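Below is model-v4.cif, holding mmCIF, C-alpha atoms and all ligand atoms.
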data_data
#
loop_
_atom_site.label_atom_id
_atom_site.label_comp_id
_atom_site.auth_asym_id
_atom_site.auth_seq_id
_atom_site.Cartn_x
_atom_site.Cartn_y
_atom_site.Cartn_z
CA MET C 19 8.96 -102.24 2.36
CA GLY C 20 8.69 -103.37 -1.26
CA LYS C 21 10.50 -105.32 -3.97
CA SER C 22 14.31 -105.32 -3.98
CA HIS C 23 15.88 -104.71 -7.39
CA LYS C 24 19.52 -105.24 -8.33
CA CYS C 25 21.93 -104.23 -11.08
CA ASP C 26 25.22 -106.14 -10.85
CA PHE C 27 27.64 -105.16 -13.63
CA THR C 28 30.26 -107.61 -12.34
CA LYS C 29 28.30 -110.47 -13.94
CA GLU C 30 29.52 -112.09 -17.16
CA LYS C 31 26.30 -111.19 -19.00
CA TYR C 32 27.86 -107.73 -19.09
CA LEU C 33 31.60 -108.43 -19.00
CA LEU C 34 31.71 -110.90 -21.90
CA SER C 35 29.10 -109.13 -24.04
CA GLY C 36 29.87 -108.15 -27.63
CA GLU C 37 27.97 -104.87 -27.59
CA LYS C 38 29.66 -101.62 -26.58
CA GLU C 39 26.58 -100.68 -24.56
CA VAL C 40 25.14 -103.18 -22.08
CA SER C 41 21.86 -102.40 -20.33
CA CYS C 42 20.23 -103.11 -16.99
CA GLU C 43 16.68 -101.77 -16.63
CA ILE C 44 14.41 -101.50 -13.61
CA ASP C 45 10.69 -100.81 -13.30
CA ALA C 46 10.31 -99.64 -9.70
CA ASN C 47 7.47 -98.59 -7.41
CA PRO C 48 7.68 -96.20 -4.45
CA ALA C 49 9.35 -97.70 -1.34
CA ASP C 50 11.15 -100.27 -3.49
CA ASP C 51 14.91 -100.54 -3.06
CA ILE C 52 17.64 -100.74 -5.70
CA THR C 53 21.19 -102.02 -5.23
CA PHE C 54 23.76 -100.88 -7.79
CA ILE C 55 27.04 -102.82 -8.00
CA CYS C 56 29.58 -101.23 -10.35
CA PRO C 57 33.15 -102.57 -10.52
CA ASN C 58 34.55 -99.15 -11.46
CA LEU C 63 28.55 -90.80 -8.66
CA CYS C 64 25.21 -92.46 -7.88
CA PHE C 65 23.06 -92.97 -5.95
CA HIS C 66 23.79 -89.63 -4.26
CA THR C 67 23.67 -88.02 -7.71
CA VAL C 68 22.14 -89.46 -10.89
CA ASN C 69 21.91 -88.70 -14.62
CA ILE C 70 18.70 -87.27 -16.07
CA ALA C 71 19.14 -88.77 -19.55
CA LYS C 72 20.45 -91.96 -21.12
CA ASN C 73 22.26 -90.30 -24.03
CA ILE C 74 25.77 -89.03 -23.29
CA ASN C 75 25.52 -86.24 -25.87
CA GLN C 76 22.34 -84.48 -24.71
CA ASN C 77 21.07 -83.87 -21.17
CA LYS C 78 24.55 -84.54 -19.77
CA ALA C 79 23.09 -82.87 -16.67
CA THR C 80 22.99 -84.71 -13.35
CA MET C 81 20.79 -84.18 -10.30
CA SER C 82 20.81 -84.92 -6.59
CA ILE C 83 18.57 -87.92 -5.86
CA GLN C 84 16.87 -85.87 -3.14
CA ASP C 85 15.94 -83.17 -5.67
CA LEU C 86 14.68 -85.76 -8.17
CA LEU C 87 13.07 -88.25 -5.78
CA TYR C 88 12.53 -86.29 -2.57
CA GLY C 89 11.99 -88.62 0.39
CA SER C 90 14.45 -91.21 -0.89
CA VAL C 91 17.36 -92.60 1.14
CA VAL C 92 20.84 -93.69 0.05
CA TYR C 93 22.81 -96.14 2.17
CA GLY C 94 25.90 -97.77 0.73
CA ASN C 95 25.21 -99.15 -2.74
CA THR C 96 21.45 -99.13 -2.15
CA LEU C 97 18.66 -96.64 -2.82
CA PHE C 98 15.42 -96.66 -0.85
CA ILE C 99 12.95 -94.95 -3.17
CA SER C 100 10.70 -92.41 -1.45
CA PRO C 101 7.39 -93.84 -0.18
CA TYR C 102 5.85 -90.97 -2.14
CA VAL C 103 6.72 -90.19 -5.76
CA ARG C 104 4.87 -87.25 -7.26
CA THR C 105 5.70 -87.89 -10.92
CA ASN C 106 6.81 -90.77 -13.14
CA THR C 107 10.58 -90.31 -13.11
CA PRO C 108 13.37 -91.89 -15.15
CA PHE C 109 17.01 -91.65 -14.08
CA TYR C 110 20.23 -93.30 -15.18
CA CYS C 111 23.50 -94.55 -13.72
CA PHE C 112 26.54 -95.37 -15.86
CA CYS C 113 29.37 -97.87 -15.46
CA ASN C 114 32.66 -97.69 -17.37
CA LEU C 115 33.55 -101.32 -18.10
CA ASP C 116 37.03 -100.77 -19.52
CA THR C 117 39.24 -103.71 -20.53
CA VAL C 118 41.36 -103.49 -17.36
CA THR C 119 38.27 -103.66 -15.14
CA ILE C 120 36.85 -106.60 -17.09
CA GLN C 121 40.11 -108.55 -16.94
CA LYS C 122 40.33 -107.87 -13.20
CA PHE C 123 36.83 -109.07 -12.39
CA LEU C 124 36.93 -112.03 -14.74
CA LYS C 125 39.83 -113.16 -12.56
CA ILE C 126 37.92 -112.29 -9.39
CA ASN C 127 34.86 -114.25 -10.51
CA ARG C 128 37.03 -117.39 -10.77
CA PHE C 129 36.58 -117.73 -7.00
CA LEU C 130 33.06 -119.00 -7.74
CA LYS C 131 33.60 -122.67 -8.55
CA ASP C 132 29.88 -123.42 -8.96
CA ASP C 133 26.60 -121.52 -9.27
CA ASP C 134 25.37 -121.77 -5.67
CA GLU C 135 23.07 -119.05 -4.35
CA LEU C 136 24.73 -116.43 -2.15
CA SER C 137 22.58 -116.16 0.98
CA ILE C 224 37.17 -108.83 -24.79
CA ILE C 225 35.54 -105.48 -25.58
CA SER C 226 35.35 -102.23 -23.61
CA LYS C 227 31.77 -101.33 -22.66
CA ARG C 228 29.57 -98.65 -21.15
CA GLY C 229 27.10 -100.19 -18.72
CA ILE C 230 23.83 -98.32 -18.24
CA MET C 231 21.32 -98.78 -15.44
CA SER C 232 17.97 -97.37 -16.55
CA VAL C 233 15.55 -96.88 -13.67
CA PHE C 234 11.86 -96.06 -14.10
CA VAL C 235 9.93 -95.00 -11.01
CA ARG C 236 6.13 -95.06 -10.88
CA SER C 237 4.28 -92.25 -9.10
CA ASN C 238 1.69 -92.61 -6.34
CA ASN C 239 -0.82 -90.48 -4.43
CA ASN C 240 -0.21 -90.92 -0.69
CA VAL C 241 1.99 -88.46 1.21
CA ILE C 242 4.57 -89.82 3.63
CA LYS C 243 3.26 -90.27 7.17
CA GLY C 244 5.78 -88.14 9.06
CA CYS C 245 7.49 -84.81 9.64
CA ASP C 246 9.53 -82.54 7.37
CA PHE C 247 11.70 -80.15 9.36
CA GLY C 248 13.23 -78.50 6.31
CA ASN C 249 12.02 -75.03 5.34
CA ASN C 250 10.21 -75.60 2.05
CA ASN C 251 6.75 -75.92 0.50
CA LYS C 252 7.28 -79.47 -0.73
CA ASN C 253 4.41 -81.31 0.96
CA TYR C 254 5.78 -84.84 0.71
CA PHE C 255 5.22 -85.39 4.44
CA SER C 256 1.95 -85.09 6.35
CA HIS C 257 3.52 -82.71 8.89
CA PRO C 258 5.67 -80.02 7.23
CA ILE C 259 6.88 -77.14 9.43
CA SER C 260 5.57 -74.80 6.74
CA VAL C 261 1.97 -75.87 7.41
CA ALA C 262 0.85 -74.19 10.63
CA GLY C 263 -0.39 -76.42 13.44
CA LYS C 264 1.61 -79.42 12.27
CA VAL C 265 4.70 -78.79 14.41
CA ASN C 266 4.21 -77.01 17.73
CA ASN C 267 7.04 -76.02 20.08
CA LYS C 268 9.45 -77.74 17.71
CA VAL C 269 7.90 -81.11 18.56
CA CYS C 270 6.15 -83.07 15.82
CA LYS C 271 3.76 -85.67 17.21
CA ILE C 272 3.05 -88.56 14.83
CA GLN C 273 0.88 -91.60 15.53
CA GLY C 274 1.84 -94.99 14.09
CA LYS C 275 -0.21 -98.18 13.92
CA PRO C 276 1.05 -101.77 13.45
CA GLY C 277 2.38 -102.37 9.94
CA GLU C 278 2.57 -98.68 9.01
CA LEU C 279 5.61 -96.87 7.64
CA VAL C 280 6.52 -93.57 9.31
CA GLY C 281 9.50 -91.25 9.20
CA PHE C 282 10.98 -87.77 9.28
CA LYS C 283 13.41 -85.56 7.37
CA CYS C 284 15.75 -83.10 9.06
CA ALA C 285 16.49 -79.72 7.51
CA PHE C 286 19.17 -80.27 4.89
CA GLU C 287 22.78 -79.45 5.75
CA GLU C 288 26.16 -81.13 5.31
CA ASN C 289 26.95 -81.80 8.97
CA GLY C 290 23.65 -82.30 10.77
CA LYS C 291 23.20 -85.26 13.10
CA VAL C 292 20.35 -87.27 14.61
CA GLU C 293 19.90 -88.17 18.29
CA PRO C 294 20.38 -90.86 19.36
CA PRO C 295 23.07 -91.32 16.64
CA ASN C 296 21.83 -94.77 15.64
CA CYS C 297 18.13 -93.94 15.21
CA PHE C 298 15.98 -95.88 14.66
CA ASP C 299 17.98 -98.85 16.04
CA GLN C 300 18.31 -96.82 19.23
CA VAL C 301 15.61 -94.36 20.31
CA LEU C 302 14.60 -92.19 23.25
CA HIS C 303 12.03 -93.94 25.41
CA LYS C 304 11.05 -92.57 28.81
CA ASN C 305 13.93 -90.10 28.53
CA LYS C 306 16.58 -92.82 28.14
CA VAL C 307 18.32 -94.26 25.09
CA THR C 308 16.65 -97.59 24.30
CA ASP C 309 17.19 -100.45 21.86
CA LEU C 310 14.05 -100.36 19.74
CA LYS C 311 14.16 -104.15 19.39
CA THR C 312 13.18 -104.42 23.07
CA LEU C 313 9.91 -102.57 22.36
CA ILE C 314 8.77 -103.60 18.88
CA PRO C 315 10.87 -106.54 17.64
CA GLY C 316 10.43 -107.33 13.95
CA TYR C 317 10.64 -103.65 13.03
CA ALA C 318 12.59 -102.42 10.01
CA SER C 319 14.32 -99.14 9.18
CA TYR C 320 15.80 -97.17 6.28
CA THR C 321 18.51 -94.70 7.28
CA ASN C 322 21.83 -93.18 6.28
CA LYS C 323 24.23 -93.61 9.20
CA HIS C 324 26.74 -90.87 8.31
CA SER C 325 24.57 -87.76 8.70
CA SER C 326 21.03 -86.41 8.72
CA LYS C 327 21.11 -85.58 5.00
CA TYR C 328 18.48 -88.20 4.22
CA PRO C 329 15.08 -89.05 5.75
CA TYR C 330 14.71 -91.60 8.55
CA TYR C 331 12.05 -94.29 8.08
CA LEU C 332 10.52 -96.84 10.46
CA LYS C 333 8.39 -99.80 9.37
CA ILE C 334 6.35 -100.76 12.43
CA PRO C 335 5.93 -104.55 12.79
CA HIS C 336 2.60 -106.31 12.23
CA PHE C 337 2.26 -106.88 15.99
CA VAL C 338 2.83 -104.27 18.67
CA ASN C 339 2.10 -105.61 22.15
CA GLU C 340 1.59 -102.31 23.99
CA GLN C 341 1.58 -98.56 23.39
CA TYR C 342 5.03 -96.95 23.12
CA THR C 343 6.05 -93.31 22.78
CA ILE C 344 9.54 -92.91 21.34
CA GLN C 345 11.64 -89.96 20.17
CA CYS C 346 14.39 -89.05 17.73
CA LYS C 347 15.82 -85.55 17.40
CA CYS C 348 17.39 -83.45 14.66
CA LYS C 349 20.64 -81.90 15.88
CA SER C 350 22.36 -78.90 14.32
CA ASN C 351 24.69 -76.02 15.18
CA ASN C 352 21.79 -74.01 13.76
CA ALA C 353 19.11 -73.60 16.43
CA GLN C 354 16.47 -73.19 13.72
CA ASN C 355 16.96 -76.83 12.70
CA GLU C 356 16.62 -78.29 16.20
CA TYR C 357 13.48 -80.46 16.21
CA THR C 358 11.90 -83.47 17.90
CA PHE C 359 10.18 -86.34 16.11
CA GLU C 360 7.78 -87.87 18.64
CA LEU C 361 6.04 -91.10 17.62
CA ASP C 362 3.01 -92.62 19.34
CA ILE C 363 3.14 -96.32 18.45
CA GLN C 364 -0.25 -98.00 18.91
CA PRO C 365 -0.68 -101.70 19.81
CA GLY C 366 -2.53 -104.27 17.69
CA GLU C 367 -2.41 -107.01 15.06
CA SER C 368 -3.00 -105.90 11.46
CA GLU C 369 -4.52 -108.21 8.84
CL CL C 401 26.42 -94.19 2.28
CL CL C 402 24.64 -95.71 5.58
ZN ZN C 403 26.63 -95.42 4.45
ZN ZN C 404 28.53 -125.62 -4.00
ZN ZN C 405 4.87 -109.38 9.31
#
Give the structure from the file, written as structure tokens.
Amino acid sequence: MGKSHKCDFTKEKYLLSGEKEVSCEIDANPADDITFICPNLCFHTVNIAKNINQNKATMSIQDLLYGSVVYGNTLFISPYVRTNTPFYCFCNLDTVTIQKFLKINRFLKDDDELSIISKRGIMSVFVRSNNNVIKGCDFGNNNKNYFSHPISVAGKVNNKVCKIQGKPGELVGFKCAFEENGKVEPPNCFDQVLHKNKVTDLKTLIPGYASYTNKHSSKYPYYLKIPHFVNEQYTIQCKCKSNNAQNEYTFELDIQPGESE
């Protein structure tokens, strides 16, 4: 968990601007989240540079910020960032788009909280680095040591079962080997998990928990934020599924009881 940032290019501060480039800029820490609302490629892929002319190159967010998770219009920045990283997302605010959303925004009759020139909107994100590796398992074959238990490091994963221990308040997770049609078991992990060999609603064990997951595949890591109070010890499981038997792994988590302060 961290601060939630937002870049909403549907707002008039962008639409009715005079400039041909309008800017939204974010200074983010690891485990922050960013929501990007564009009225017209990211977060799954992002731009390396702000200038259109040079460094037109783009990169997968997992290659740039390994350990990060994309779900919908939101990015959960990896709990571990190795290097200060800038990246950029662009929004084409053409005159048709602007006219459309100026009409859409008329639905707002007042400024209650929610509980013309063509432009190029730019979201500039700056991500600070940190030192702590992610408490969890990496089942992908690589030497990136972003997680405390990579399969590369001997003794970390035995018999294809990675045993992690989590205390109250801690963030833990795992990352399946990358592929375009891998799945997790149970499908809705962490909201459902394996407990005592049966599928179990995690809310019935550790209510108050939080999770960061992509629900469409096992492309991205799975994260669990253990609540500040855990009444008793629980051992739960999630599993990486794949037609490839080399990518079949078990994430086993020993959740300890307590009250953190
Ligand atoms: Cl998505
Ligand atoms: Cl999702
Ligand atoms: Zn999604
Ligand atoms: Zn009102
Ligand atoms: Zn709390």
Could you state the separation of atom CA of residue C:315 and atom CA of residue C:271 in Å, given to one decimal place?
-> 22.1 Å
Kindly compile the residues surrounding ligand ZN 405 (chain C) within 9 Å, counting all atoms listed in the file, and format them as a ChimeraX atom specification.
-> /C:277,316-317,335-337,368
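Nearest residue to residue C:19, choosing from C:262, C:280, C:297, C:269 and counting all atoms listed in the file: C:280.
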Starting from 3 Å padding per side, set up an axis-aligned box that covers all listed atoms of stretch 89-105 of chain C and hand over centre and edge lengths in Å, one decimal, as lines of an AutoDock Vina configuration file.
center_x = 15.4
center_y = -93.2
center_z = -4.4
size_x = 27.0
size_y = 17.9
size_z = 19.1
For residue C:27, which of C:49, C:91, C:71, C:230 is the closest residue, counting only C-alpha atoms?
->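 Among C:49, C:91, C:71, C:230, it is C:230 that comes nearest to residue C:27.
With distances taken over all atoms listed in the file, C:134 is the one residue among C:116, C:134, C:50, C:37 lying closest to ligand ZN 404 (chain C).
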Neighbour list for residue C:81 as a ChimeraX atom specification, cut-off 7 Å, all atoms listed in the file, skip fewer than 5 positions in-chain = /C:67-70,86
Using the selection just defined, write its residues with C-alpha atoms as a PDB file, in the coordinates of the input.
ATOM      1  CA  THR C  67      23.670 -88.020  -7.710  1.00  0.00           C
ATOM      2  CA  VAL C  68      22.140 -89.460 -10.890  1.00  0.00           C
ATOM      3  CA  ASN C  69      21.910 -88.700 -14.620  1.00  0.00           C
ATOM      4  CA  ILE C  70      18.700 -87.270 -16.070  1.00  0.00           C
ATOM      5  CA  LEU C  86      14.680 -85.760  -8.170  1.00  0.00           C
TER       6      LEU C  86
END
Near-residue C:245 list (12 Å; only C-alpha atoms; drop same-chain fewer than 2 positions) as a ChimeraX atom specification = /C:89,241-243,247-249,252-261,264-266,268-273,280-285,329-331,346-348,357-361
Could you please extract the residues within 10 Å of ligand CL 402 (chain C), counting all atoms listed in the file, and hand them back as a count of residues only?
-> 13
With distances taken over all atoms listed in the file, which of C:97, C:130, C:44, C:103 is nearest to ligand ZN 403 (chain C)?
->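 With all atoms listed in the file as the atom set, the closest residue is C:97.
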Using all atoms listed in the file, which residues sit within 6 Å of residue C:90 once same-chain residues fewer than 4 positions away are excluded, as a ChimeraX atom specification?
-> /C:98-100
Can you work out which one of C:333, C:135, C:229, C:341 has the shortest atom-to-atom distance to ligand ZN 404 (chain C), counting all atoms listed in the file?
->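 Using all atoms listed in the file, the shortest distance to ligand ZN 404 (chain C) belongs to C:135.
Among the candidates C:292, C:120, C:313, C:52, the one nearest to residue C:355 when counting only C-alpha atoms is C:292.
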Which residues of chain C have any atom within 8 Å of an atom in ligand ZN 404 (chain C) when counting all atoms listed in the file, and what is the closest pair of atoms for each, with the distance in Å to one decimal? Order the rows by chain and rising number and write it as JSON lines.
{"residue": "C:131", "atom": "CA", "partner": "C:ZN404", "partner_atom": "ZN", "distance": 7.4}
{"residue": "C:132", "atom": "CA", "partner": "C:ZN404", "partner_atom": "ZN", "distance": 5.6}
{"residue": "C:133", "atom": "CA", "partner": "C:ZN404", "partner_atom": "ZN", "distance": 7.0}
{"residue": "C:134", "atom": "CA", "partner": "C:ZN404", "partner_atom": "ZN", "distance": 5.3}
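The gap separating atom CA of residue C:20 from atom CA of residue C:338 is 20.8 Å, in Å to one decimal.
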Spatial neighbours of residue C:228, 10 Å, all atoms listed in the file, chain gap at least 3 places, as a compact mmCIF listing (two decimals) with C-alpha atoms, in the frame of the given file:
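Okay, around31.txt is ready:
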# COMPACT_ATOMS: atom_id res chain seq x y z
CA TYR C 32 27.86 -107.73 -19.09
CA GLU C 37 27.97 -104.87 -27.59
CA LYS C 38 29.66 -101.62 -26.58
CA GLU C 39 26.58 -100.68 -24.56
CA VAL C 40 25.14 -103.18 -22.08
CA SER C 41 21.86 -102.40 -20.33
CA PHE C 112 26.54 -95.37 -15.86
CA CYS C 113 29.37 -97.87 -15.46
CA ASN C 114 32.66 -97.69 -17.37
CA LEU C 115 33.55 -101.32 -18.10
CA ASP C 116 37.03 -100.77 -19.52
